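Visitor: Once you've seen the sequence and the experimental structure below, I've got questions.
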Amino acid sequence: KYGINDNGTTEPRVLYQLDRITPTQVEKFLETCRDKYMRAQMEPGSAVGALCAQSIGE
Amino acid sequence: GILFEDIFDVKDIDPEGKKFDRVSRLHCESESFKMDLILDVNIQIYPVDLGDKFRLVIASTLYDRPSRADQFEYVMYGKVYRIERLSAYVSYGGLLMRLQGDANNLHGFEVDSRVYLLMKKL
Amino acid sequence: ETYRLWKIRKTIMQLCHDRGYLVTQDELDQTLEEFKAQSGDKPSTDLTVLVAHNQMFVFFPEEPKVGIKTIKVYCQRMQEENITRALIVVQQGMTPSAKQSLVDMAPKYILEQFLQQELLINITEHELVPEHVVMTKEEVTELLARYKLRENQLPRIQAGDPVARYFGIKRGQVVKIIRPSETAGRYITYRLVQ
Amino acid sequence: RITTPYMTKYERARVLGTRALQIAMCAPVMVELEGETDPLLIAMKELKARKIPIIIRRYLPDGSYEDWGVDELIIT
DNA sequence: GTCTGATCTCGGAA
């Protein structure tokens, strides 16, 4: 729509805060989405059917 | 130190009907910049009426010992929290401000920064 | 009406293509007009396929209830042609004395039996039935080893299941089931057969 | 080497389960404790300092095993 | 006081 990223300098400086995704964030985005995915695994030995019997029964 | 200022004309004191007893949401229009803003104002302390020219100044700082910018007579304090012709959403605790339009003069703004209002009737 | 005497022939030539024979592609798909060559005659057996592996022998006996004598019509041409597997696609069902005649002559010739209205839909292309794939002998040994599982202890599918009876699976084989999901679509499960 | 390198909530419970009962039978304490008299509160001080003399024997269900030091695990 | 699969007796048929 506007605001060319020719080197990251246009004359109105505010325009680069439209969709800011700066690469300190996107690497912290992956190290969080990895670790949130790794944490939310089924912990081994977790009475898996006993969770199922409550969650159908309740 | 001023981020942004102009003279504004409040046109709808409350656009969709009075919802609160102490806060009414104004709709204004600038003078020759054409910055629409949608500002909430505590009207119990500072009553505003239809068609009232009032100044508006957005400042990052105010400079009782350092002798603050106090020529104005209604001062809030809040942070910008969204930039979406740019909109520029400012929140004042709960009181929203959606100063809009013409991104060349809006250049001083950013996100996550503390912002004062300094209003004054005319 | 002929939506059958054709789609049955369409189904079994989808069926024996899935079981790994050599049906040429033009022989596979027929519109009804390609089968309107014979369409008036067969209502008022002229339909018998022999196909070989990359060899089954289907039968459409026009009798509704196939008796022992009707099997015995082509018990002899079964052993004449040296063919080992057969199919008997019946109209109503077998007589309850005739189904033993299959299992009396069990290890020599196979001759599985289907109904007509069982075969009028291809249950493989049903949306609820996922893609069963028969696994090879070496595909079992890399399965058991990865999970450190004995051949038994796998989830089990019956031998008389409609998809095991489709794919023509003896006891001891392991199918691989690709159950489609929404996040992955590749939820793979295996089944030993009973 | 193939199981999860995260200490599960069932392993943290039993490691705190038996290191509490060990330290309630006068075990040698590894954390130079600061007045905690509940033996369970000592054991969480042992876990966070990562000094627990316990190795988890993780049984794969075929019968093979795989050891894991409590130093060598990622607690939450 | 039913809801239940199992297990016993009859019967018409290739």
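Guide: Noted; the coordinates are in hand. Numbers count the residues shown, from 1 in each chain, chains lettered A, B, ... in the order given.
Visitor: got the phi/psi numbers for residue C:166?
Guide: In this entry, residue C:166 is assigned phi and psi values of phi -60, psi -60 (degrees, to the nearest 10).
Visitor: Name the helix or strand for residue C:150, please.
Guide: Using DSSP states H and E, residue C:150 sits in no helix or strand.
Visitor: I figured it hits residue C:144, correct?
Guide: Yes - the pair formed by residue C:150 and residue C:144 meets the contact definition of Cβ atoms under 8 Å, at 7.0 Å. The way it works is simple: take the backbone N, C-alpha and C, and place the C-beta from them, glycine included.
Visitor: Look at the two and report which has more neighbours.
Guide: The neighbour count for residue C:150 versus residue C:144, taken as other Cβ atoms under 10 Å in any protein chain shown, is higher for residue C:144 (16 against 9).
Visitor: Quick one: classify that one as helix, strand or coil.
Guide: helix (DSSP: H, G, I helix; E, B strand; the rest coil).
Visitor: And the residue sitting furthest away from the middle of chain D, how far from chain C?
Guide: When distances to the mean C-alpha position of chain D are computed (Cα atoms, centre = their mean), the maximum falls on residue D:62, with 24.6 Å. As judged by Cβ to the nearest Cβ, to the nearest Å, residue D:62 and chain C stand 4 Å apart.
Visitor: ok, now residue D:20?
Guide: Taking Cβ to the nearest Cβ, one finds residue D:20 at 34 Å from chain C.
Visitor: hang on, isn't that residue packed against residue D:39?
Guide: Yes - contact between residue D:20 and residue D:39 holds when scored by Cβ under 8 Å: they sit 4.8 Å apart.
Visitor: What lies in contact with the lengthiest strand in chain B?
Guide: Scanning chain B for the strand with the most residues, using DSSP state E, yields strand B:2-12. With contact meaning Cβ atoms under 8 Å, 6 or more residues apart in numbering or on different chains, strand B:2-12 is reached by B:26-33, B:35, B:37, B:48-60, B:99, B:105-106, B:108-109, B:115, B:122.
Visitor: in its sheet, what does it sit against?
Guide: Strand B:2-12 pairs in its sheet with strand B:23-29 (antiparallel), strand B:53-59 (antiparallel), by DSSP bridges.
Visitor: in chain D, which helix has the most residues?
Guide: In chain D, with assignment by DSSP state H, the single longest helix is helix D:9-23.
Visitor: ok, the closest residue to chain D within chain C - contacts?
Guide: Evaluated by Cβ to the nearest Cβ, chain C has residue C:148 as its residue closest to chain D, separated by 3.7 Å. Applying Cβ under 8 Å, 6+ apart to residue C:148 gives the contacts D:60, D:62, D:64.
Visitor: Let me have those residues in CSV, adding distance to residue A:11 as columns.
Guide: Below are the contacts of residue C:148 laid out as CSV (distance: Cβ to Cβ, whole Å):
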residue, distance to residue A:11
D:60, 64
D:62, 68
D:64, 67
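Visitor: Stretch C:27-46: which residues count as buried?
Guide: Of the residues in stretch C:27-46, those scored as buried under the neighbour-count criterion (16 or more other Cβ atoms under 10 Å in any protein chain shown) are C:30, C:35.
Visitor: distance between the ends of it?
Guide: As for stretch C:27-46, its first-to-last residue distance stands at 16 Å under the measure Cα to Cα, to the nearest Å.
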